[PDB]
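This chain uses plain numbering: 1 for the first residue, then up along the sequence. The basis for the numbers below is simple: all heavy atoms, side chains too, and nothing from hydrogens, waters or symmetry mates.
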Amino acid sequence: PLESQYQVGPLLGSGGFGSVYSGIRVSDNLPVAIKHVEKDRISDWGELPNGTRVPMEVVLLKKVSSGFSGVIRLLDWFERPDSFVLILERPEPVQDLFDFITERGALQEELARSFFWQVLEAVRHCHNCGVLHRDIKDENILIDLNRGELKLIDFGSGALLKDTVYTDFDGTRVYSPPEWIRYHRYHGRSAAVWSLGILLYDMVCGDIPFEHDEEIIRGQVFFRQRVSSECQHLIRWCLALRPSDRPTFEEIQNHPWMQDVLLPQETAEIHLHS
Ligand SMILES: O=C1NC(=O)/C(=C/c2cccc(C(F)(F)F)c2)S1
């Protein structure tokens, strides 16, 4: 037990998710990320198959661990008297999608197609494991720059998937749907689909469409960059004001704009410099 197992590197960041450090597992020099969450800031707890009391985040992360690389894998976790510490895999070299967009601005459609498809695959995997992420956005997406594989990260706002209404939310407001804003009610899939529309707009325009409650509620989308008609249509469909008017994951992936995606490795070659 205990961290003498890990050699702590530099702080990667800190925020509403806690404090995350670059690290290395001493027993094989495997890159990890070490994430400390304060007990005070955990509103949401569950219990595992094992059945002890842990943060919901840990429950959700265990439900999605697998060799499938589109979601971050929890390697281990530790309790401390005032915090939980989590050990997560860390690709290297790596860059989050927010920073990549800061650097390169609006993305070419072929590249956005490739990234967005990989995001769809990740989210379908989560829904499949009975998990609803509830904070899909560019800051929660890591790009493995060598392999061109994206990774969804940060389940600290997620919940067990269910088919009844959610009336609670602690993810990102500007990615949250009109129904959350107006009624504090949404269903899991359709709220997830709206945030995927925000995300895809973000990729192709270089920023999110809406900053204020009023704009979200209005749902009117203005394109500030040149974007093909097939792409604007997919976006405007993901951002239908009525939840039931939103596409399912399968309709998103059968959309004409989504055809002939590059493979992750082709993507890194053409676009990331491999
Ligand atoms: O599941 C997760 N929850 C978080 O807050 C994470 C932060 C993180 C931030 C930058 C880099 C990485 C790294 F994995 F690349 F290191 C991880 S990961």
Closest non-hydrogen atom pair between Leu60 and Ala159, with its separation: CD1-N, 3.6 Å
Checking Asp213 now: which residues fulfil side chain to side chain donor-acceptor pair (under 3.5 Å) with it, not counting sequence neighbours? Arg173
Less than 6.0 angstrom separating the ring centers of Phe169 and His184, yes or no? no
Salt bridge (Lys or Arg N to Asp or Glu O under 4.0 Å) contacts touching residues 113-141 (sequence neighbours left out): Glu121-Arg124, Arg134-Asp168, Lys137-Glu139
Check whether any side-chain N or O of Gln232 sits under 3.5 Å from a backbone N or O of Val227 as a donor-acceptor pair, and report yes or no. yes
For a side-chain contact (heavy atoms from CB on, under 4.5 Å) check, start with the C-alpha distance between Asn140 and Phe155, then their side-chain angles and the critical distance, and finish with the verdict. CA-CA 9 Å; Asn140 293 337; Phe155 288 67; over 6 Å; no
Kindly state whether the ring of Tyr166 and the ring of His187 have centres lying under 6.0 angstrom apart. no
Identify whether the distance between the nearest side-chain nitrogen and carboxylate oxygen of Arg189 and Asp163 falls below 4.0 Å. yes
Rounded to the nearest 0.5 Å, the CH2 atom of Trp117 sits from the CD atom of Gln259 at a distance of 6.5 Å
Approximate separation, where rounding is to 0.5 Å, of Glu215 CD and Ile181 CD1: 11.0 Å
Determine, for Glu3 against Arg80, whether the closest basic-nitrogen to carboxylate-oxygen distance falls under 4.0 angstrom. yes
May I ask you to decide if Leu145's main-chain N or O and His273's side chain share a donor-acceptor pair within less than 3.5 Å? no
Using atom types as modelled and distance alone, determine if a side-chain donor or acceptor of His125 lies under 3.5 Å from a backbone N or O of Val64. yes
